[PDB]
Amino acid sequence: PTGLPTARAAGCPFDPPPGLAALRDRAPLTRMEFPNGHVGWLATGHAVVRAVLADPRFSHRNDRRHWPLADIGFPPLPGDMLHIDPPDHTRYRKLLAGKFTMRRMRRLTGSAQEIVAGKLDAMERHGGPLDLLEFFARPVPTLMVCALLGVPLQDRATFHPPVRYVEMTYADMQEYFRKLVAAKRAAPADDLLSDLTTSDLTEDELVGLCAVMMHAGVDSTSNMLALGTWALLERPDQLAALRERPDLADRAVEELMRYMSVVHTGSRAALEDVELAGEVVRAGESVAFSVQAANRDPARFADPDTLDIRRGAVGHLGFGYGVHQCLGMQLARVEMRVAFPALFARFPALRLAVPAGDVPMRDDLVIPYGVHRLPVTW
């Protein structure tokens, strides 16, 4: 009977739309009308959302679900494993999961802390004020995906706007990665893309997969680095605790993932009738889910609307859940674990260069949430 609330509070940009807590505490699963007229369901409770994401009877195909954020299509792009179901998804997942484990991703930790070091150096020499996104938040995960895939160092400039060129199309990236894949076959190296030439993926799938990680691996990470930096500098008591015991960095990253929930909303479709939250999801119904409302669910988190890096543990749904749970989540953890304490160790008095109310937020219906830039100075 109700639509999806998407409007934030004007001076509370880190927090979910207020209308979600009213629908959730009324009912963690409720009826929802989608932008195209589909009468479906909205899941806001943490337990209900988690059951939605883990059940094998739910589909993420774009020809099965309805998009809850706006009215709209597309073809399942080559290398898009997120909007396909098992066993098609499973083939990607087994091929890739053992390559993204936390063991193999810590083994890029030094590369991460040198990428961060290089950009922290460029920030200082340029001087403040500057845009953190252009200078740090976007470069750092861009070069991490490059270092993960074995992009040649002389080639990385083409992939992000000059720290101070026209943004490559999704077709440009493919034509480049075709060229790069062919070079990896004749000369493999110690990187993910070299290993994957000997796999079952066609040229189309693997090339498409590379172009997806260049966007999927950057956008949400960059906005986490931006929003989390913005949140940490407002809370110098949090910074002092991270400064004192720096091993709180791991807890601090998780709590920021839970607080921000940049991938704020999604939906799945019922492949079959599924009983969920005491009530039956008809087959063919879409169940939209709010990650951000589930990460502020007081059923799961005490004082959930409070940012506190001391408690930050796992259980949040910021990386998703189930079979589609973020493949790059251990890589992203290594980046933020290195980047957040490194920023403030180098710039302890880092702070916004404009009033917080002047920070340009991304549109309510965009995925992921975040900022278009973040002027900072020190």
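In this text, residue numbers run from 1 along the sequence as written.
Per the record, residue 72 and residue 73 are separated by 1 to 3 deposited residues that are missing from the model. According to the entry, the stretch of the deposited sequence that connects residue 99 to residue 100 contains no residue lacking coordinates, so the chain runs unbroken between them. Look at the C-alpha B-factors of 251-259 and of 150-158. On average they run higher in 150-158.
Relative to one another, 104-112 and 176-184 have unequal mean CA B-factors, and 176-184 is the one with the higher figure. The entry assigns its greatest Cα B factor, within the set 318, 37, 322, 341, to 37. Note on 134, 190, 85, 305: the highest value goes to 190, judged by CA B factor as recorded.
The deposited CA B-factor of residue 68 belongs to the middle third of values across its chain.
The PDB entry assigns residue 119 a C-alpha temperature factor belonging to the middle third of its chain's modelled residues. In the deposited entry, the Cα temperature factor of residue 92 sits in the middle third of values across the chain's modelled residues. In the PDB entry, a CA B factor belonging to the highest third of its chain's modelled residues is recorded for residue 2. Compared with the other modelled residues of the chain, the Cα B-factor recorded for residue 61 ranks in the middle third.
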